[PDB]
2 protein chains.
Amino acid sequence: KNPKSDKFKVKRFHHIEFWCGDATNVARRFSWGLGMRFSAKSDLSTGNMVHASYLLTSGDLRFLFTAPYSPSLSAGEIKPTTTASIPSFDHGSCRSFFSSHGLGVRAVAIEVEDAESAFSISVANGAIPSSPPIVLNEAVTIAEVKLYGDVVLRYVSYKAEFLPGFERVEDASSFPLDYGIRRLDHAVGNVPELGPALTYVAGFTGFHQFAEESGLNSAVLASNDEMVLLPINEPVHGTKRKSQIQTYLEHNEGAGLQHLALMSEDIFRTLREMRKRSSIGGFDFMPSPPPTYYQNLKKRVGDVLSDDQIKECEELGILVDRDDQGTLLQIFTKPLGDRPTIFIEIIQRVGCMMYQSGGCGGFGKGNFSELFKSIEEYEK
Amino acid sequence: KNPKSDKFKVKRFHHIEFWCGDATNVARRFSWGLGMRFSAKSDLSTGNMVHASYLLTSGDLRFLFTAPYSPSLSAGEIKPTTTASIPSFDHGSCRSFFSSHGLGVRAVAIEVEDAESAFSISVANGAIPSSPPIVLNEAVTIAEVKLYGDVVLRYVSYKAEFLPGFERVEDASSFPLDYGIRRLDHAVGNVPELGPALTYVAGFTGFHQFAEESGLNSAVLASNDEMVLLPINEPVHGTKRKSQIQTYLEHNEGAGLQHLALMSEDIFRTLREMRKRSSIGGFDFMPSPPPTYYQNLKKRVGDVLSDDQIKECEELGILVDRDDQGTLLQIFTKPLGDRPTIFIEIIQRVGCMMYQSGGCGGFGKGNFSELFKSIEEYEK
Ligand SMILES: Cc1ccccc1-n1c(=O)c2c(C)c(C(=O)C3=C(O)CCCC3=O)ccc2n(C)c1=O
Ligand SMILES: Cc1ccccc1-n1c(=O)c2c(C)c(C(=O)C3=C(O)CCCC3=O)ccc2n(C)c1=O
Ligand SMILES: [Co+2]
Ligand SMILES: [Co+2]
């Protein structure tokens with residue numbers, strides 16, 4: 001049941017912004033490890049004296065990496081005269097964010113029909129304002145409200161090329177890397193208390209709950225067409241293994257974004273390419289499930305995937321789950337930085353043709369059961 | 001003339017430590033871009049609740065990347081009970097360093113016969129203490145004194161494997177990258193005033209001055225065998241082009257380390273490998289000199305390098321200079337991070353066989369003249 005209760009017109013995920021200490025090194029690492037191209041920049045060479053911002057793209061996926069310069073470079077500026085291309089940026093907010101949480105997502109950005117209206121309606125419906133609507137070059141409007149912890153939901157709307165004040169990146173500097181990633185599928189928050197978090201976000205967006213010893217309880221909020229998907233987790237305390245949600249909250253100094261799920265047009269090629277690079281600058285993946293997991297794959301998805309497709313899942317450590325309408329292939333990286341906090345999920349969805357409907361196959365909750373069973377069946 | 005005035009026994013460069021916001025991402029980028037292997041770690045998985053530290057090695061070159069965790073993880077600790085493997089580390093010093101300078105070198109470390117004595121003698125001779133000698137596992141002694149800005153000179157001495165509390169890195173995580181870099185040749189500071197800087201460092205080390213519109217004046221301090229080489233630059237104001245030393249000081253918020261020079265056993269292979277990776281996560285190089293520069297190469301080094309060796313220099317953008325005892329091949333990267341501050345030099349030295357004596361060929365000062373001449377000769 002989807003009651004289509006969005007309080008403003010939402011289109012799709014637009015971009016994810018990381019706040020960094022050094023945007024250059026994080027962006028180069030991510031570009032190589034994920035196969036994303038350098039597509040736009042805003043930094044000293046473009047006249048921005050406040051922050052360095054580099055955009056990576058793969059298909060529709062946009063990763064933005066931002067870090068502050070010395071405040072002394074812009075000490076004479078005021079907000080009306082700023083050279084920052086992202087006017088919501090603030091030196092002390094960024095340094096405090098990074099000192100508090102380490103490397104992580106500052107903004108989850110979605111494209112809307114009118115960022116000014118989305119903001120007003122959101123705050124009218126309980127959203128805590130973060131940065132008021134600002135019009136850039138009479139061309140783009142951006143506004144921000146608090147989502148959870150120090151993560152903001154950022155509204156972007158266009159009259160009719162990333163943001164004003166960004167330049168396209170030199171063809172020589174932009175190597176056309178591509179491992180198959182095409183768009184952001186969902187973005188997941190960890191909070192101490194799921195209930196108040198759900199009530200707050202659903203309160204100001206109008207997003208509806210999406211049809212659903214693991215360490216957590218979770219729920220998923222969705223836009224009208226269910227293309228914007230925002231799960232939220234809370235810990236479940238006092239168990240055999242310690243809750244990874246609780247571990248996150250401790251090392252992140254509170255609530256924040258837990259994982260980004262990136263849809264691939266070919267998860268087997270994406271994982272082959274990422275795994276080749278794991279030990280030469282890229283990303284590591286979580287430990288592979290036992291062969292018992294893959295022995296049991298035939299009995300549950302043998303109708304969707306061939307024996308060779310299933311054997312390819314075993315080589316790459318891919319996980320498989322399934323809904324009543326579709327099948328999900330997924331895998332998780334190890335944490336992206338120093339702290340055991342944010343990680344990435346690679347996913348591909350099979351089914352729900354109508355175009356493919358959002359959430360087709362779920363989010364892999366059934367893989368908790370199948371992993372536990374397999375990781376006792378393999379013991380013998 | 002080398003009066004061998006070292007006030008304690010110095011052996012050679014030991015390691016360079018970068019203070020980072022996220023050690024993981026800087027270290028992975030550097031590993032891929034320079035061809036260095038992951039060799040040791042000290043982090044949560046080794047019991048260190050204070051900082052994450054990752055060591056990269058290539059030959060004798062050791063790059064250490066360190067970033068602080070949340071202070072909350074170690075709030076109950078005191079210095080006697082610390083889990084930090086580098087006891088001179090301090091959360092607030094590290095965050096203040098990085099907020100002030102961005103990514104850069106915190107420590108230039110040299111191996112000495114006794115770090116306790118080196119420290120005492122240094123301070124007895126004017127050095128500003130930074131961290132007193134501390135003995136690790138009755139096996140290694142480390143101490144630190146101020147060098148310039150917020151950069152420290154770190155003394156390390158061993159009784160007879162990087163540091164106690166570091167673990168060797170997993171063979172699966174340690175891919176054997178190698179592009180030919182073998183050791184640190186020199187490490188260069190930028191200061192507002194060269195005179196007082198020279199007097200201060202030479203005062204407490206006993207290092208002697210090494211035989212010597214560019215934007216700078218510079219001088220080089222050397223150990224007894226001249227294997228430890230520490231140039232220092234100051235700006236020269238009011239000129240056609242703005243001093244790059246002055247640009248550094250402005251963007252770095254004061255004095256600090258300007259460049260690290262890494263000796264290659266085969267600079268042509270090193271530069272081929274680094275240049276292949278420039279646009280896929282590695283390092284960019286400064287713009288290549290004009291063909292006039294390379295046309296003039298025959299008349300000055302045609303006796304050292306063949307026509308093919310000189311043509312290979314032109315393909316790779318290598319610079320060549322020469323002393324009275326040796327020849328220097330060198331090239332400079334673009335800045336390593338967001339700010340136009342620290343960069344890397346790749347070098348190879350030809351001559352001065354005795355083993356090769358330090359500084360063989362100089363530091364490339366003559367390449368200022370030859371670059372200016374070439375960059376007017378090419379105009380026509
Ligand atoms: C628990 C755990 C510990 C150490 C490494 C990995 C895991 N771990 C996961 O983190 C995990 C996740 C994060 C999802 C997932 O993507 C997800 C949810 O957890 C809630 C619904 C929305 C959503 O997107 C699904 C299955 C998972 N499974 C099966 C698993 O084992
Ligand atoms: C000035 C400048 C501007 C934009 C990019 C590059 C340059 N630039 C240099 O930075 C440069 C350096 C840094 C050295 C060098 O390694 C060095 C010194 O400058 C002082 C003595 C000790 C030492 O090691 C030598 C030649 C150089 N040359 C020729 C050059 O053009
Ligand atoms: Co997920
Ligand atoms: Co040099």
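In listed order, ligands and their atoms are each counted from 1. Convention: sequence-line order gives letters A, B, ...; per-chain numbering from 1. When reading the values below, keep in mind they use all heavy atoms of this one structure, side chains included, and skip hydrogens, waters and symmetry mates.
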Original post:
What do we get for B:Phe343 next to ligand 2 when only non-hydrogen atoms under 4.0 Å count, side chain, backbone, both or neither?
Top reply: side chain

**OP:** Quick one: look at B:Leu319 and ligand 2, take heavy-atom pairs under 4.0 Å, and tell me if it's side chain, backbone, both or neither.
**Re:** neither

**OP:** Tell me whether the guanidinium CZ or amine NZ of B:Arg183 lies under 6.0 angstrom from the six-membered ring centre of B:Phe63 and within 45° of its axis.
**Re:** no

Subject >> N-O pairing of A:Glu250 and A:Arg339 below 4.0 Å >> reply: no

Original post:
Looking at A:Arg12 and A:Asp225, does any basic side-chain N land under 4.0 Å from a carboxylate oxygen?
Top reply: no

Original post:
Are any of the N or O atoms of B:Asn233 closer than 3.5 Å to those of ligand 2?
Top reply: no

Subject >> CA sep, side-chain torsions, deciding dist, call: A:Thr292, A:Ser374, side chain to side chain donor-acceptor pair (under 3.5 Å) >> reply: CA-CA 5 Å; A:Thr292 42; A:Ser374 314; 4.7 Å; no

Original post:
Does the ring centre of A:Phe363 sit less than 6.0 Å away from the ring centre of A:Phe210?
Top reply: yes

Subject >> B:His101 ring center within less than 6.0 Å of B:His251 ring center >> reply: no

Original post:
What do you reckon, does A:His186 have a nitrogen or oxygen under 3.5 Å from a nitrogen or oxygen of ligand 1?
Top reply: yes

**OP:** Measure from the Co ion (ligand 3) to every N/O/S atom of A:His259 and report the name of the nearest one.
**Re:** NE2

**OP:** Check A:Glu345 and report its N/O/S atom nearest to the Co ion (ligand 3), by atom name.
**Re:** OE1

Original post:
For atom 23 (C) of ligand 1, which of A:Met286, A:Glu370, A:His259, A:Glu345 has the closest heavy atom?
Top reply: A:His259

Subject >> Contact check: A:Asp185 to the Co ion (ligand 3), N/O/S below 2.8 Å >> reply: no

